[PDB]
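S.K.: PDB entry and its sequence, pasted below:
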Amino acid sequence: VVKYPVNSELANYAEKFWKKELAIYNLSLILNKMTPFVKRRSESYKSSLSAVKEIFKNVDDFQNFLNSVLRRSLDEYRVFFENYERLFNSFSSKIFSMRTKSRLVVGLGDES
RNA sequence: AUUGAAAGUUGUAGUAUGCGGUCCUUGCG
């Protein structure tokens, strides 16, 4: 039971897309607006990330779907990055690059 | 049968010139 709290036509469109049938590219749009409420048996329609993972075939499957959706915007991200680097160089700013020692999370407490 | 009868405070004329809602601050234990 993946009933959505959105008007019926967008509800069925989101249902169609959610089962890896379409190629919606804005990951934020999928996550924020068309939220897949899950009503697993013997329980009300919860909305936690655990239920969302239960909707997908496996945790790896959900991770792959998210990675694909994120990677789908590569060209736009590249153009934006070129503009950003041009801005950095234009203002005469020192730029460097590091890497994450371990896992990172910023703004975990943002309310959703 | 009177210091009386008579006479448009009226014409033109831009509340206008200058000015950054800005500074400080980890969404987190």
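M.R.: Right, received. Where do you want to start? Numbering: from 1, shown residues only, chains lettered A, B, ... in the order given.
S.K.: number of residues surrounding the closest residue to RNA strand B within chain A?
M.R.: Taking C-beta to the nearest atom of the strand, RNA strand B has its nearest neighbour within chain A at residue A:109, 2.5 Å off. For every residue, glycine as well, the C-beta is placed using N, CA and C. When neighbours are counted by other C-beta atoms under 10 Å, residue A:109 registers 4.
S.K.: how about the secondary structure of it?
M.R.: Classification of residue A:109 using DSSP: H, G, I helix; E, B strand; the rest coil returns coil.
S.K.: phi, psi of it?
M.R.: Main-chain torsions, residue A:109, degrees, to the nearest 10: phi -80, psi 0.
S.K.: run the chain-centre distance for stretch A:25-37.
M.R.: Centroid separation for stretch A:25-37 versus its chain: 6 Å, with C-alpha atoms, centre = their mean, to the nearest Å.
S.K.: give me the residues contacting it.
M.R.: Stretch A:25-37 has contacts (C-beta atoms under 8 Å, 6 or more residues apart in numbering) with A:2-6, A:10, A:14, A:17-18, A:24, A:45-47, A:51-52, A:55, A:66, A:69-70, A:72-73, A:112.
S.K.: now do the end-to-end distance for stretch A:46-58.
M.R.: Distance between the two ends of stretch A:46-58: 18 Å, counting by C-alpha to C-alpha, to the nearest Å.
S.K.: what comes up buried for it?
M.R.: For stretch A:46-58, burial by neighbour count (16 or more other C-beta atoms under 10 Å) applies to A:51, A:52, A:55, A:56.
S.K.: how about the nearest residue to the last one once chain neighbours are set aside, secondary structure?
M.R.: Nearest residue to residue A:56, sequence neighbours excluded (C-beta to C-beta, 6 or more residues apart in numbering): residue A:62, at 3.9 Å. Residue A:62 falls in the helix class when you classify it by three-state DSSP.
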